[PDB]
>>> print(open('start13.txt').read())   # compact mmCIF, N, CA and C atoms
# COMPACT_ATOMS: atom_id res chain seq x y z
N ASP C 251 12.18 9.52 -9.28
CA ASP C 251 12.21 10.47 -10.39
C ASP C 251 12.02 9.72 -11.70
N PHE C 252 11.38 10.38 -12.65
CA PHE C 252 11.27 9.78 -13.97
C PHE C 252 12.64 9.84 -14.62
N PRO C 253 13.03 8.81 -15.36
CA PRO C 253 14.28 8.84 -16.10
C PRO C 253 14.20 9.93 -17.13
N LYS C 254 15.32 10.62 -17.35
CA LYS C 254 15.46 11.77 -18.26
C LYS C 254 14.61 11.77 -19.52
N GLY C 255 14.59 10.63 -20.21
CA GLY C 255 13.92 10.53 -21.50
C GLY C 255 12.42 10.81 -21.52
N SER C 256 11.68 10.52 -20.43
CA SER C 256 10.24 10.74 -20.52
C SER C 256 9.54 10.82 -19.17
N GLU C 257 8.53 11.69 -19.12
CA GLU C 257 7.69 11.81 -17.94
C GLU C 257 6.25 11.57 -18.33
N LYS C 258 5.72 10.43 -17.92
CA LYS C 258 4.38 10.03 -18.30
C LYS C 258 3.77 9.26 -17.15
N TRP C 259 2.50 9.52 -16.83
CA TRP C 259 1.92 8.69 -15.79
C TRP C 259 0.42 8.45 -16.00
N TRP C 260 -0.05 7.34 -15.45
CA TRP C 260 -1.44 6.98 -15.61
C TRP C 260 -2.30 7.64 -14.54
N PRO C 261 -3.35 8.36 -14.93
CA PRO C 261 -4.20 9.08 -13.98
C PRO C 261 -4.91 8.19 -12.98
N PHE C 262 -5.12 6.93 -13.29
CA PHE C 262 -5.78 6.06 -12.34
C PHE C 262 -4.96 4.82 -12.07
N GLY C 263 -3.64 4.94 -12.04
CA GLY C 263 -2.76 3.81 -11.75
C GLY C 263 -2.71 2.77 -12.86
N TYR C 264 -2.24 1.58 -12.50
CA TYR C 264 -2.12 0.44 -13.41
C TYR C 264 -2.02 -0.84 -12.60
N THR C 265 -2.42 -1.97 -13.20
CA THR C 265 -2.32 -3.26 -12.52
C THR C 265 -1.40 -4.26 -13.19
N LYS C 266 -0.85 -3.96 -14.36
CA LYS C 266 0.04 -4.93 -14.94
C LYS C 266 1.37 -4.22 -15.13
N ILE C 267 2.42 -5.00 -15.16
CA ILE C 267 3.80 -4.52 -15.22
C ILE C 267 4.28 -4.35 -16.63
N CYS C 268 4.06 -5.34 -17.47
CA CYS C 268 4.46 -5.20 -18.84
C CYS C 268 3.28 -4.69 -19.63
N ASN C 269 3.50 -3.63 -20.39
CA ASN C 269 2.39 -3.03 -21.10
C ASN C 269 2.77 -3.04 -22.58
N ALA C 270 2.13 -2.18 -23.38
CA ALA C 270 2.33 -2.20 -24.83
C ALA C 270 3.78 -1.99 -25.26
N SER C 271 4.57 -1.21 -24.53
CA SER C 271 5.94 -0.96 -24.97
C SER C 271 7.01 -1.08 -23.90
N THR C 272 6.66 -0.97 -22.63
CA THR C 272 7.66 -0.95 -21.57
C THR C 272 7.28 -1.77 -20.36
N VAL C 273 8.13 -1.67 -19.34
CA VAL C 273 7.98 -2.40 -18.10
C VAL C 273 8.08 -1.45 -16.92
N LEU C 274 7.03 -1.42 -16.08
CA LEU C 274 7.02 -0.52 -14.94
C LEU C 274 7.17 -1.28 -13.62
N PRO C 275 7.73 -0.64 -12.59
CA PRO C 275 7.71 -1.19 -11.23
C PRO C 275 6.28 -1.38 -10.77
N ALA C 276 6.05 -2.40 -9.96
CA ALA C 276 4.70 -2.65 -9.45
C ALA C 276 4.30 -1.60 -8.43
N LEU C 277 3.00 -1.27 -8.40
CA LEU C 277 2.47 -0.40 -7.37
C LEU C 277 2.18 -1.23 -6.12
N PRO C 278 2.33 -0.63 -4.94
CA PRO C 278 1.98 -1.30 -3.68
C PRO C 278 0.49 -1.55 -3.63
N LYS C 279 0.10 -2.60 -2.93
CA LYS C 279 -1.31 -2.93 -2.84
C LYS C 279 -1.99 -2.16 -1.72
N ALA C 280 -3.29 -1.96 -1.89
CA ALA C 280 -4.09 -1.15 -0.99
C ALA C 280 -4.10 -1.68 0.44
N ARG C 281 -4.03 -0.75 1.39
CA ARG C 281 -4.08 -1.03 2.81
C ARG C 281 -5.51 -0.89 3.32
N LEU C 282 -6.06 -1.97 3.82
CA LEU C 282 -7.45 -2.02 4.27
C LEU C 282 -7.52 -2.70 5.63
N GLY C 283 -8.39 -2.22 6.51
CA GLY C 283 -8.60 -2.89 7.79
C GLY C 283 -9.40 -2.04 8.77
N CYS C 284 -9.22 -2.32 10.07
CA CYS C 284 -9.95 -1.61 11.12
C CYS C 284 -9.29 -1.78 12.48
N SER C 285 -9.80 -1.04 13.47
CA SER C 285 -9.31 -1.19 14.82
C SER C 285 -10.40 -1.06 15.87
N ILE C 286 -10.12 -1.68 17.02
CA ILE C 286 -11.01 -1.77 18.17
C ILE C 286 -10.33 -1.16 19.39
N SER C 287 -11.06 -0.35 20.15
CA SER C 287 -10.47 0.17 21.36
C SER C 287 -11.41 0.11 22.56
N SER C 288 -10.91 -0.47 23.65
CA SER C 288 -11.64 -0.65 24.90
C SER C 288 -10.73 -0.89 26.10
N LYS C 289 -11.26 -0.53 27.28
CA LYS C 289 -10.61 -0.68 28.58
C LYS C 289 -10.18 -2.08 29.00
N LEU C 290 -10.74 -3.14 28.42
CA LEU C 290 -10.32 -4.47 28.84
C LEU C 290 -8.93 -4.82 28.37
N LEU C 291 -8.36 -4.03 27.48
CA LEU C 291 -7.04 -4.31 26.98
C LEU C 291 -5.94 -3.74 27.86
N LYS C 292 -6.26 -3.06 28.95
CA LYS C 292 -5.21 -2.52 29.82
C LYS C 292 -4.59 -3.64 30.64
N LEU C 293 -3.60 -4.32 30.06
CA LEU C 293 -2.98 -5.51 30.65
C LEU C 293 -1.48 -5.33 30.90
N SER C 294 -1.04 -5.41 32.17
CA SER C 294 0.36 -5.07 32.41
C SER C 294 1.29 -6.27 32.72
N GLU C 295 0.79 -7.42 33.19
CA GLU C 295 1.71 -8.51 33.54
C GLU C 295 1.02 -9.87 33.56
N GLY C 296 1.85 -10.91 33.66
CA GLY C 296 1.37 -12.28 33.76
C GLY C 296 1.07 -12.86 32.40
N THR C 297 0.32 -13.95 32.38
CA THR C 297 -0.08 -14.59 31.14
C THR C 297 -1.38 -13.96 30.68
N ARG C 298 -1.40 -13.47 29.46
CA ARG C 298 -2.61 -12.84 28.99
C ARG C 298 -3.22 -13.54 27.81
N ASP C 299 -4.50 -13.83 27.96
CA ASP C 299 -5.27 -14.48 26.90
C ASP C 299 -6.47 -13.62 26.47
N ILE C 300 -6.51 -13.23 25.19
CA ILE C 300 -7.54 -12.32 24.66
C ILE C 300 -8.42 -13.01 23.62
>>> encode(input="start13.txt", output="C-alpha cells")
Amino acid sequence: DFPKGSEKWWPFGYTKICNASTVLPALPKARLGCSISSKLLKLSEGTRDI
C-alpha cells in the first residue's frame, strides 16, 4: 500500500532507487528463459546423465 501521504507511480517503472526527492524499493528484475520437452527425459531410477 502507498503510505498515507501520497499515491504516485511511474507508468513505465523505474531503474534507480534514489531519485530527485525520495527513495523507492527496488523493482524485481525481469524473468526470461525457455523450456524443452521430450520423451527421453522419462527417467525413473539409477544414475542418470543428461
>>> atom_distance(input="start13.txt", atom1="atom N of residue C:256", atom2="atom CA of residue C:280")
27.6 Å
>>> atom_distance(input="start13.txt", atom1="atom CA of residue C:263", atom2="atom CA of residue C:277")
8.0 Å
>>> axis_aligned_box(input="start13.txt", around="stretch 276-289 of chain C", padding_each_side="6 Å", output="lines of an AutoDock Vina configuration file")
center_x = -2.8
center_y = -1.4
center_z = 9.5
size_x = 29.7
size_y = 15.1
size_z = 51.0
>>> atom_distance(input="start13.txt", atom1="atom N of residue C:268", atom2="atom CA of residue C:252")
17.1 Å
>>> residues_around(input="start13.txt", residues="residue C:276", least_positions_apart="2", cutoff="7 Å", atoms="only C-alpha atoms", output="PyMOL selection string")
chain C and resi 267+274+278
